[PDB]
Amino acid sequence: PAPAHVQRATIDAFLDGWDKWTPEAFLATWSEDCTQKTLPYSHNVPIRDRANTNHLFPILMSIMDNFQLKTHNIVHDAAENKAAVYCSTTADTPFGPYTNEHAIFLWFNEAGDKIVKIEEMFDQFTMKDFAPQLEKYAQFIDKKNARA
């Protein structure tokens, strides 16, 4: 398992790419197989593969302006090649103001330079309203692109 400071460097580049709020910046630290699973398991939100998130994040970021990320807690388990962060976010969306908070579990690859698995719990009351707004927005971008 890679040295702490290398994993920690991956964590920071993930958070900074998140704050930078472009697809390429944020997805730079995700491996090709990195899955994102929404917790709790009981909410039955299907795990999301990399083709899914590569298609979502451009659309998602385009409808969140003044995105500000705030990191409250980094728990680094260098021996286990693992981490957990707590973050909060705000943005303006086509649907009104957006706020969220995130408990995020990360796993790194052997080299400690990519994130390989993501599991996350968020503000489910924010998401109950926003996920369907986002899904219909995504479908509208899809249809609009296929036409042209």
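Residue numbers run from 1 along the displayed sequence.
Set 123 to 131 against 5 to 13 and average the Cα temperature factors; 5 to 13 ends up higher. When the C-alpha B factors of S88, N81, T93, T38 are read from the deposited coordinates, the top value falls at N81.
Which of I104, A111, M64, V45 has the largest Cα B-factor in the deposited entry comes down to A111. Among all modelled residues in this chain, the alpha-carbon of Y98 has a temperature factor (C-alpha) in the lowest third. Annotation for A28: CA B-factor lies in the highest third of the chain's modelled residues.
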